[PDB]
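Listing of target_33.tsv, TSV, N, CA, C and O atoms
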chain	number	residue	atom	x	y	z
A	1	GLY	N	-63.40	-69.52	61.85
A	1	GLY	CA	-61.96	-69.75	61.81
A	1	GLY	C	-61.36	-69.87	63.20
A	1	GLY	O	-62.06	-70.20	64.16
A	2	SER	N	-60.06	-69.61	63.30
A	2	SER	CA	-59.37	-69.69	64.58
A	2	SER	C	-58.45	-68.49	64.78
A	2	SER	O	-57.86	-67.98	63.82
A	3	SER	N	-58.33	-68.04	66.02
A	3	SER	CA	-57.49	-66.90	66.35
A	3	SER	C	-56.06	-67.35	66.67
A	3	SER	O	-55.85	-68.40	67.27
A	4	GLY	N	-55.09	-66.54	66.26
A	4	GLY	CA	-53.70	-66.87	66.51
A	4	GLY	C	-52.82	-65.63	66.60
A	4	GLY	O	-52.99	-64.68	65.83
A	5	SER	N	-51.87	-65.65	67.53
A	5	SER	CA	-50.96	-64.52	67.71
A	5	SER	C	-49.53	-65.01	67.93
A	5	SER	O	-49.30	-65.98	68.66
A	6	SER	N	-48.58	-64.33	67.30
A	6	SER	CA	-47.17	-64.70	67.43
A	6	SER	C	-46.49	-63.86	68.51
A	6	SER	O	-46.54	-62.64	68.49
A	7	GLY	N	-45.85	-64.54	69.46
A	7	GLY	CA	-45.16	-63.85	70.54
A	7	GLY	C	-43.67	-64.12	70.54
A	7	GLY	O	-43.09	-64.38	71.60
A	8	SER	N	-43.06	-64.06	69.37
A	8	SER	CA	-41.62	-64.31	69.24
A	8	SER	C	-40.86	-63.70	70.41
A	8	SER	O	-40.11	-64.38	71.10
A	9	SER	N	-41.07	-62.40	70.64
A	9	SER	CA	-40.40	-61.70	71.72
A	9	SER	C	-41.03	-62.05	73.07
A	9	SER	O	-42.25	-62.12	73.20
A	10	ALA	N	-40.17	-62.29	74.06
A	10	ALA	CA	-40.64	-62.64	75.40
A	10	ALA	C	-39.74	-62.03	76.47
A	10	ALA	O	-38.64	-62.50	76.71
A	11	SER	N	-40.23	-60.96	77.11
A	11	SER	CA	-39.47	-60.28	78.15
A	11	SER	C	-40.30	-60.14	79.42
A	11	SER	O	-41.32	-59.44	79.43
A	12	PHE	N	-39.87	-60.80	80.49
A	12	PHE	CA	-40.57	-60.74	81.76
A	12	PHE	C	-39.70	-61.29	82.89
A	12	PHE	O	-38.59	-61.77	82.66
A	13	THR	N	-40.21	-61.21	84.11
A	13	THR	CA	-39.48	-61.69	85.28
A	13	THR	C	-39.85	-63.14	85.60
A	13	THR	O	-40.76	-63.70	85.00
A	14	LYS	N	-39.14	-63.73	86.55
A	14	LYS	CA	-39.39	-65.10	86.95
A	14	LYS	C	-40.78	-65.25	87.56
A	14	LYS	O	-41.54	-66.14	87.18
A	15	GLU	N	-41.11	-64.37	88.50
A	15	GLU	CA	-42.41	-64.40	89.15
A	15	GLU	C	-43.53	-64.59	88.13
A	15	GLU	O	-44.34	-65.51	88.25
A	16	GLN	N	-43.57	-63.71	87.13
A	16	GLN	CA	-44.58	-63.78	86.09
A	16	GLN	C	-44.60	-65.16	85.44
A	16	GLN	O	-45.57	-65.90	85.56
A	17	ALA	N	-43.51	-65.49	84.74
A	17	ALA	CA	-43.40	-66.77	84.07
A	17	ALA	C	-43.90	-67.91	84.96
A	17	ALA	O	-44.72	-68.72	84.54
A	18	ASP	N	-43.41	-67.95	86.19
A	18	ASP	CA	-43.81	-68.98	87.14
A	18	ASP	C	-45.32	-69.02	87.29
A	18	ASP	O	-45.91	-70.09	87.45
A	19	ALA	N	-45.95	-67.85	87.24
A	19	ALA	CA	-47.40	-67.76	87.37
A	19	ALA	C	-48.10	-68.45	86.21
A	19	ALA	O	-48.87	-69.40	86.41
A	20	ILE	N	-47.83	-67.99	84.99
A	20	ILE	CA	-48.44	-68.57	83.80
A	20	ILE	C	-48.15	-70.06	83.71
A	20	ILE	O	-48.98	-70.83	83.22
A	21	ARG	N	-46.98	-70.46	84.19
A	21	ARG	CA	-46.58	-71.86	84.16
A	21	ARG	C	-47.46	-72.70	85.10
A	21	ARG	O	-47.86	-73.81	84.76
A	22	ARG	N	-47.75	-72.15	86.27
A	22	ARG	CA	-48.57	-72.84	87.26
A	22	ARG	C	-50.03	-72.89	86.80
A	22	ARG	O	-50.69	-73.93	86.92
A	23	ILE	N	-50.52	-71.78	86.28
A	23	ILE	CA	-51.90	-71.70	85.81
A	23	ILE	C	-52.16	-72.73	84.72
A	23	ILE	O	-53.12	-73.50	84.79
A	24	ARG	N	-51.30	-72.74	83.70
A	24	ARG	CA	-51.44	-73.68	82.60
A	24	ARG	C	-51.24	-75.12	83.07
A	24	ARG	O	-51.67	-76.07	82.42
A	25	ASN	N	-50.57	-75.27	84.21
A	25	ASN	CA	-50.30	-76.59	84.77
A	25	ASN	C	-51.06	-76.79	86.08
A	25	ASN	O	-50.75	-77.69	86.86
A	26	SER	N	-52.06	-75.95	86.31
A	26	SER	CA	-52.87	-76.03	87.52
A	26	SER	C	-53.96	-77.08	87.38
A	26	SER	O	-54.57	-77.22	86.31
A	27	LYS	N	-54.22	-77.81	88.45
A	27	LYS	CA	-55.24	-78.85	88.45
A	27	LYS	C	-56.53	-78.34	89.08
A	27	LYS	O	-57.52	-79.06	89.17
A	28	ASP	N	-56.52	-77.08	89.52
A	28	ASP	CA	-57.69	-76.47	90.14
A	28	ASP	C	-57.51	-74.96	90.28
A	28	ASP	O	-56.43	-74.43	90.01
A	29	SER	N	-58.56	-74.28	90.71
A	29	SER	CA	-58.52	-72.83	90.88
A	29	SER	C	-57.62	-72.46	92.05
A	29	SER	O	-56.84	-71.51	91.97
A	30	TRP	N	-57.74	-73.20	93.15
A	30	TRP	CA	-56.94	-72.94	94.34
A	30	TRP	C	-55.46	-72.81	93.98
A	30	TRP	O	-54.78	-71.89	94.45
A	31	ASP	N	-54.97	-73.72	93.15
A	31	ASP	CA	-53.58	-73.70	92.73
A	31	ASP	C	-53.26	-72.42	91.95
A	31	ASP	O	-52.25	-71.77	92.21
A	32	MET	N	-54.12	-72.08	91.00
A	32	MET	CA	-53.94	-70.88	90.20
A	32	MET	C	-53.78	-69.65	91.08
A	32	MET	O	-52.71	-69.03	91.11
A	33	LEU	N	-54.84	-69.30	91.79
A	33	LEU	CA	-54.82	-68.14	92.68
A	33	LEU	C	-53.76	-68.30	93.77
A	33	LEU	O	-53.17	-67.33	94.22
A	34	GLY	N	-53.54	-69.55	94.18
A	34	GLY	CA	-52.56	-69.82	95.21
A	34	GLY	C	-53.14	-69.71	96.61
A	34	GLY	O	-52.50	-69.17	97.51
A	35	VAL	N	-54.35	-70.21	96.79
A	35	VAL	CA	-55.02	-70.16	98.08
A	35	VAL	C	-55.58	-71.53	98.47
A	35	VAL	O	-55.57	-72.46	97.67
A	36	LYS	N	-56.07	-71.64	99.70
A	36	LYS	CA	-56.64	-72.89	100.19
A	36	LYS	C	-58.11	-73.01	99.79
A	36	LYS	O	-58.81	-72.02	99.61
A	37	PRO	N	-58.58	-74.26	99.66
A	37	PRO	CA	-59.97	-74.54	99.29
A	37	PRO	C	-60.95	-74.18	100.40
A	37	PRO	O	-62.16	-74.40	100.27
A	38	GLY	N	-60.43	-73.61	101.48
A	38	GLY	CA	-61.28	-73.23	102.59
A	38	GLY	C	-61.17	-71.75	102.92
A	38	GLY	O	-61.38	-71.34	104.06
A	39	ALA	N	-60.84	-70.95	101.92
A	39	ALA	CA	-60.70	-69.51	102.10
A	39	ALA	C	-62.03	-68.80	101.89
A	39	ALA	O	-63.01	-69.41	101.46
A	40	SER	N	-62.06	-67.50	102.19
A	40	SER	CA	-63.28	-66.71	102.03
A	40	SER	C	-63.18	-65.80	100.81
A	40	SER	O	-62.10	-65.60	100.26
A	41	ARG	N	-64.32	-65.25	100.40
A	41	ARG	CA	-64.36	-64.36	99.24
A	41	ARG	C	-63.23	-63.34	99.31
A	41	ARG	O	-62.55	-63.09	98.31
A	42	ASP	N	-63.04	-62.74	100.48
A	42	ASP	CA	-61.99	-61.75	100.67
A	42	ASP	C	-60.62	-62.32	100.33
A	42	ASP	O	-59.79	-61.65	99.73
A	43	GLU	N	-60.40	-63.57	100.73
A	43	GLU	CA	-59.13	-64.24	100.47
A	43	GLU	C	-58.94	-64.49	98.97
A	43	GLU	O	-57.97	-64.02	98.37
A	44	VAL	N	-59.87	-65.22	98.38
A	44	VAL	CA	-59.81	-65.53	96.95
A	44	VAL	C	-59.55	-64.28	96.13
A	44	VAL	O	-58.74	-64.29	95.20
A	45	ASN	N	-60.24	-63.20	96.47
A	45	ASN	CA	-60.09	-61.93	95.77
A	45	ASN	C	-58.68	-61.36	95.97
A	45	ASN	O	-58.06	-60.86	95.03
A	46	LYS	N	-58.19	-61.45	97.20
A	46	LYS	CA	-56.86	-60.95	97.53
A	46	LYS	C	-55.80	-61.58	96.63
A	46	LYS	O	-54.97	-60.89	96.05
A	47	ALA	N	-55.83	-62.91	96.53
A	47	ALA	CA	-54.88	-63.63	95.71
A	47	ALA	C	-55.09	-63.33	94.23
A	47	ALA	O	-54.14	-63.19	93.47
A	48	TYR	N	-56.36	-63.24	93.82
A	48	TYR	CA	-56.70	-62.96	92.43
A	48	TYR	C	-56.21	-61.58	92.02
A	48	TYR	O	-55.76	-61.38	90.89
A	49	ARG	N	-56.31	-60.63	92.94
A	49	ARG	CA	-55.88	-59.26	92.68
A	49	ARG	C	-54.37	-59.19	92.48
A	49	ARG	O	-53.89	-58.87	91.39
A	50	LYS	N	-53.62	-59.50	93.53
A	50	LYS	CA	-52.16	-59.48	93.47
A	50	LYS	C	-51.66	-60.16	92.20
A	50	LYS	O	-50.78	-59.65	91.51
A	51	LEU	N	-52.22	-61.33	91.90
A	51	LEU	CA	-51.83	-62.08	90.72
A	51	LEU	C	-52.22	-61.33	89.44
A	51	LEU	O	-51.37	-61.07	88.59
A	52	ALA	N	-53.50	-61.00	89.32
A	52	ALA	CA	-53.99	-60.28	88.16
A	52	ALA	C	-53.02	-59.17	87.75
A	52	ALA	O	-52.70	-59.02	86.57
A	53	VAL	N	-52.57	-58.39	88.73
A	53	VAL	CA	-51.64	-57.30	88.47
A	53	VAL	C	-50.35	-57.81	87.84
A	53	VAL	O	-49.77	-57.16	86.97
A	54	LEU	N	-49.91	-58.98	88.29
A	54	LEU	CA	-48.69	-59.59	87.77
A	54	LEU	C	-48.90	-60.15	86.37
A	54	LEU	O	-48.05	-60.00	85.49
A	55	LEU	N	-50.05	-60.79	86.17
A	55	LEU	CA	-50.38	-61.37	84.87
A	55	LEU	C	-51.07	-60.34	83.97
A	55	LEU	O	-51.34	-60.61	82.80
A	56	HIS	N	-51.34	-59.17	84.53
A	56	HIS	CA	-51.99	-58.10	83.77
A	56	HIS	C	-51.25	-57.83	82.46
A	56	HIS	O	-50.02	-57.86	82.39
A	57	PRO	N	-52.02	-57.58	81.40
A	57	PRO	CA	-51.47	-57.30	80.07
A	57	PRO	C	-50.76	-55.96	80.00
A	57	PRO	O	-50.12	-55.63	79.00
A	58	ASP	N	-50.87	-55.18	81.08
A	58	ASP	CA	-50.23	-53.87	81.14
A	58	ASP	C	-48.93	-53.94	81.93
A	58	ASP	O	-48.13	-53.00	81.91
A	59	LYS	N	-48.71	-55.05	82.62
A	59	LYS	CA	-47.51	-55.24	83.41
A	59	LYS	C	-46.67	-56.39	82.86
A	59	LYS	O	-45.44	-56.36	82.94
A	60	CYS	N	-47.33	-57.39	82.30
A	60	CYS	CA	-46.65	-58.55	81.73
A	60	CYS	C	-46.94	-58.68	80.24
A	60	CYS	O	-48.01	-59.14	79.84
A	61	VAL	N	-45.98	-58.26	79.42
A	61	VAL	CA	-46.14	-58.33	77.97
A	61	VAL	C	-45.84	-59.73	77.45
A	61	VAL	O	-45.74	-59.95	76.24
A	62	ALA	N	-45.69	-60.68	78.37
A	62	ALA	CA	-45.40	-62.06	78.00
A	62	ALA	C	-46.48	-62.61	77.07
A	62	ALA	O	-47.63	-62.18	77.09
A	63	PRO	N	-46.09	-63.58	76.23
A	63	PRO	CA	-47.00	-64.21	75.28
A	63	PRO	C	-48.04	-65.09	75.96
A	63	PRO	O	-49.05	-65.46	75.36
A	64	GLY	N	-47.79	-65.42	77.22
A	64	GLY	CA	-48.72	-66.25	77.97
A	64	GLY	C	-49.50	-65.46	79.01
A	64	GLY	O	-50.59	-65.85	79.40
A	65	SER	N	-48.92	-64.35	79.46
A	65	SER	CA	-49.56	-63.51	80.46
A	65	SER	C	-51.05	-63.35	80.16
A	65	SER	O	-51.87	-63.26	81.07
A	66	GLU	N	-51.38	-63.29	78.87
A	66	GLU	CA	-52.77	-63.14	78.45
A	66	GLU	C	-53.61	-64.33	78.89
A	66	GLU	O	-54.59	-64.17	79.62
A	67	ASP	N	-53.22	-65.52	78.45
A	67	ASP	CA	-53.94	-66.74	78.79
A	67	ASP	C	-54.07	-66.88	80.31
A	67	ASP	O	-55.14	-67.20	80.82
A	68	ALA	N	-52.97	-66.65	81.02
A	68	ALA	CA	-52.96	-66.75	82.47
A	68	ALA	C	-54.08	-65.92	83.08
A	68	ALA	O	-54.92	-66.45	83.82
A	69	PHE	N	-54.10	-64.63	82.78
A	69	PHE	CA	-55.12	-63.73	83.30
A	69	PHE	C	-56.52	-64.31	83.08
A	69	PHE	O	-57.38	-64.22	83.95
A	70	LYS	N	-56.73	-64.89	81.90
A	70	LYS	CA	-58.02	-65.48	81.56
A	70	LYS	C	-58.37	-66.61	82.53
A	70	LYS	O	-59.50	-66.68	83.03
A	71	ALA	N	-57.41	-67.49	82.78
A	71	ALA	CA	-57.62	-68.61	83.69
A	71	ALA	C	-58.03	-68.12	85.08
A	71	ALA	O	-59.04	-68.55	85.63
A	72	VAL	N	-57.24	-67.21	85.64
A	72	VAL	CA	-57.52	-66.67	86.96
A	72	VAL	C	-59.00	-66.35	87.12
A	72	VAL	O	-59.65	-66.82	88.06
A	73	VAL	N	-59.53	-65.54	86.21
A	73	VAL	CA	-60.93	-65.16	86.25
A	73	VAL	C	-61.83	-66.38	86.43
A	73	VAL	O	-62.58	-66.47	87.40
A	74	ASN	N	-61.74	-67.32	85.50
A	74	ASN	CA	-62.54	-68.54	85.56
A	74	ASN	C	-62.39	-69.22	86.92
A	74	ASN	O	-63.34	-69.83	87.42
A	75	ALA	N	-61.20	-69.12	87.50
A	75	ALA	CA	-60.93	-69.72	88.79
A	75	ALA	C	-61.65	-68.97	89.91
A	75	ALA	O	-62.57	-69.50	90.54
A	76	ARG	N	-61.22	-67.74	90.16
A	76	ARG	CA	-61.82	-66.91	91.20
A	76	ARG	C	-63.34	-66.85	91.03
A	76	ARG	O	-64.09	-67.37	91.86
A	77	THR	N	-63.78	-66.20	89.96
A	77	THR	CA	-65.21	-66.07	89.68
A	77	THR	C	-65.96	-67.34	90.05
A	77	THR	O	-67.00	-67.29	90.71
A	78	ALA	N	-65.43	-68.48	89.62
A	78	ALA	CA	-66.06	-69.77	89.90
A	78	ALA	C	-66.04	-70.07	91.40
A	78	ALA	O	-67.09	-70.25	92.02
A	79	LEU	N	-64.85	-70.12	91.98
A	79	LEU	CA	-64.69	-70.40	93.40
A	79	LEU	C	-65.69	-69.58	94.22
A	79	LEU	O	-66.44	-70.13	95.03
A	80	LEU	N	-65.68	-68.27	94.02
A	80	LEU	CA	-66.58	-67.37	94.74
A	80	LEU	C	-67.99	-67.93	94.76
A	80	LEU	O	-68.61	-68.06	95.82
A	81	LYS	N	-68.51	-68.27	93.59
A	81	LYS	CA	-69.86	-68.82	93.47
A	81	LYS	C	-70.07	-69.94	94.48
A	81	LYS	O	-71.14	-70.06	95.07
A	82	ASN	N	-69.05	-70.77	94.67
A	82	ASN	CA	-69.13	-71.88	95.60
A	82	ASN	C	-69.00	-71.39	97.04
A	82	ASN	O	-69.65	-71.92	97.95
A	83	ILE	N	-68.17	-70.38	97.25
A	83	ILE	CA	-67.96	-69.82	98.58
A	83	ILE	C	-69.27	-69.72	99.34
A	83	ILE	O	-69.33	-70.01	100.54
A	84	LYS	N	-70.33	-69.30	98.65
A	84	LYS	CA	-71.64	-69.16	99.26
A	84	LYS	C	-72.07	-70.47	99.92
A	84	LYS	O	-72.28	-71.48	99.24
A	85	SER	N	-72.21	-70.44	101.24
A	85	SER	CA	-72.62	-71.62	101.99
A	85	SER	C	-74.12	-71.86	101.86
A	85	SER	O	-74.55	-72.96	101.51
A	86	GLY	N	-74.90	-70.82	102.13
A	86	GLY	CA	-76.35	-70.94	102.04
A	86	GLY	C	-76.91	-70.19	100.85
A	86	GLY	O	-76.42	-69.14	100.46
A	87	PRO	N	-77.97	-70.75	100.24
A	87	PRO	CA	-78.63	-70.15	99.08
A	87	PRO	C	-79.38	-68.87	99.43
A	87	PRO	O	-80.49	-68.91	99.96
A	88	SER	N	-78.76	-67.73	99.14
A	88	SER	CA	-79.36	-66.43	99.43
A	88	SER	C	-80.68	-66.27	98.68
A	88	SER	O	-81.73	-66.05	99.29
A	89	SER	N	-80.63	-66.38	97.36
A	89	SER	CA	-81.82	-66.25	96.53
A	89	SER	C	-82.46	-67.60	96.28
A	89	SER	O	-81.89	-68.65	96.58
A	90	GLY	N	-83.67	-67.58	95.71
A	90	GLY	CA	-84.38	-68.82	95.43
A	90	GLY	C	-85.51	-69.08	96.41
A	90	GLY	O	-86.66	-69.23	96.01

Here is the file; what I need is its structure written in the form of structure tokens.
Amino acid sequence: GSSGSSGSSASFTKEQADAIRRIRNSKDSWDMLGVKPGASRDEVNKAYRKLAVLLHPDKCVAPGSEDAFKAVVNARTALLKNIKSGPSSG
């Protein structure tokens, strides 16, 4: 089947909304996290952290805050993998 949830109620700040709006309308991970394509693991994580807290399901009860948080992960986690310049293992 398919999962579905109703979020009739929506209470949050501009910052949050703006986040979920950008993520859902992001063309890449850099845009989501809000960093440059030439940043380091420390950077990507920094942006992912600050954001995560904002999109966190414990801070943002928004109906989209959930989806947003999910995107971030796929973004950061992915980017990081690329961050690696040389193949450590193999």

_Which residue is closest to residue 54 of chain A? Choose from A:9, A:20, A:35, A:88 and count only C-alpha atoms._
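Smallest distance to residue 54 of chain A is found for A:20.
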
Please write as a CSV table (one decimal) with N, CA, C and O atoms, in the frame of the given file the list of polymer residues whose atoms come within 7 Å of (-53.8, -59.5, 79.5), counting all atoms listed in the file and keeping to the coordinates of the file.
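Contents of the output file out_13.csv:
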chain,number,residue,atom,x,y,z
A,55,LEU,N,-50.0,-60.8,86.2
A,55,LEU,CA,-50.4,-61.4,84.9
A,55,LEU,C,-51.1,-60.3,84.0
A,55,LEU,O,-51.3,-60.6,82.8
A,56,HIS,N,-51.3,-59.2,84.5
A,56,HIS,CA,-52.0,-58.1,83.8
A,56,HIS,C,-51.2,-57.8,82.5
A,56,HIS,O,-50.0,-57.9,82.4
A,57,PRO,N,-52.0,-57.6,81.4
A,57,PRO,CA,-51.5,-57.3,80.1
A,57,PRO,C,-50.8,-56.0,80.0
A,57,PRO,O,-50.1,-55.6,79.0
A,58,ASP,N,-50.9,-55.2,81.1
A,58,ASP,CA,-50.2,-53.9,81.1
A,58,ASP,C,-48.9,-53.9,81.9
A,58,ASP,O,-48.1,-53.0,81.9
A,60,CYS,N,-47.3,-57.4,82.3
A,60,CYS,CA,-46.6,-58.6,81.7
A,60,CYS,C,-46.9,-58.7,80.2
A,60,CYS,O,-48.0,-59.1,79.8
A,65,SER,N,-48.9,-64.4,79.5
A,65,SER,CA,-49.6,-63.5,80.5
A,65,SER,C,-51.0,-63.4,80.2
A,65,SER,O,-51.9,-63.3,81.1
A,66,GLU,N,-51.4,-63.3,78.9
A,66,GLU,CA,-52.8,-63.1,78.4
A,66,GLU,C,-53.6,-64.3,78.9
A,66,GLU,O,-54.6,-64.2,79.6
A,67,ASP,N,-53.2,-65.5,78.4
A,67,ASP,CA,-53.9,-66.7,78.8
A,67,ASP,C,-54.1,-66.9,80.3
A,67,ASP,O,-55.1,-67.2,80.8
A,69,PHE,N,-54.1,-64.6,82.8
A,69,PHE,CA,-55.1,-63.7,83.3
A,69,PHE,C,-56.5,-64.3,83.1
A,69,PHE,O,-57.4,-64.2,84.0
A,70,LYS,N,-56.7,-64.9,81.9
A,70,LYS,CA,-58.0,-65.5,81.6
A,70,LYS,C,-58.4,-66.6,82.5
A,70,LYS,O,-59.5,-66.7,83.0

*asked:* Please compute the atom N of residue 13 of chain A-atom N of residue 63 of chain A distance, one decimal, in Å.
replied: 10.1 Å

*Please return as a PyMOL selection string: the residues of segment 2-85 of chain A that backbone DSSP assigns to helix (DSSP H, G or I).*
chain A and resi 14-24+29-33+41-55+65-83

_Contacts of residue 83 of chain A within 12 Å, only C-alpha atoms, excl. fewer than 2 positions in-chain, as an NGL selection string_ = :A and (36-45 or 76-81 or 85-88)

*At what distance in Å, to one decimal, does atom O of residue 34 of chain A lie from atom CA of residue 14 of chain A?*
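Here the two named atoms are 17.3 Å from each other.
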
*Compare A:90, A:32, A:6, A:75 by their minimum atom-to-atom distance to residue 18 of chain A, counting only N, CA, C and O atoms, and give me the closest one.*
A:32

Put a box with edges along x, y and z around all the listed atoms of segment 44-52 of chain A, pad it by 3 Å on each side, then give me its centre and sizes in Å, one decimal, as lines of an AutoDock Vina configuration file.
center_x = -55.5
center_y = -62.2
center_z = 92.5
size_x = 15.5
size_y = 12.7
size_z = 17.8

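Between atom CA of residue 17 of chain A and atom CA of residue 33 of chain A lies a distance of 14.4 Å.
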